């Protein structure tokens, strides 16, 4: 059994969804999974397994920052995870992106040290599994939920980045900022597993808060659905 996500074989499922917030996790469990079960809760890393249209699905809590995610991801794989999709939030770096809108992450600028440490300092292009990426983009499109398809950025210092610094990054193709996608993608390739990431804009960089409960909450919901449907596909 792992050191963090203390689970034994049989708990985790093939397809797994990775949420940073232990809350959204639970809310996913109770809201989309039949007879959801919680295999782990150690370190607040709440994780559940239930069924979605029969198919076994999982929902494991990564935490905040590629370091924590990496630890959980690495362990979910050792436990049996084959298809993991991130279900999180982000901070818009532009203005064209309004809160609640969804983003299918094409790739992730590695502004984190975790991927760096794994790459021993080498450059890289973290990208999801083309099948998963394709799947998310397709279930989104099929469901009719307006979205965006592009780049994000996985930083480490939440309060370091400034609106201005973000404006510049946007000129490079970055749409918003998150804190786990880059590592998910690296390990994804590194360990021979398919990974993906879908994000809900919960605010624009420069402002001290999230979005009017309902606006973002729908997003968080649309996102979670597209995710689930995509995995069952891959």
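Numbering follows the first chain given and starts at 1.
- Compared with other deposited structures of the same protein, residue 211 meets the criterion of being unmodelled in at least one third of those that resolve residues on both sides.
- Mean CA temperature factor is higher for 21 to 29 when stretches 5 to 13 and 21 to 29 are set side by side in the entry.
- Between 147 to 155 and 108 to 116, it is 147 to 155 that carries the larger average Cα temperature factor according to the deposited entry.
- Of the candidates 122, 86, 82, 139, the PDB record gives 139 the highest C-alpha temperature factor.
- Of the candidates 76, 132, 97, 127, the deposited coordinates give 97 the top C-alpha B factor.
- Annotation for residue 63: CA B-factor lies in the lowest third of the chain's modelled residues.
- Among the modelled residues of the chain, residue 56 sits in the middle third by CA temperature factor in this PDB entry.
- The PDB entry assigns residue 196 a C-alpha temperature factor belonging to the lowest third of its chain's modelled residues.
- Among all modelled residues in its chain, residue 180 ranks in the lowest third by Cα B-factor.
- Remark: residue 189 belongs to the lowest third of its chain, ranked by C-alpha B-factor as recorded.
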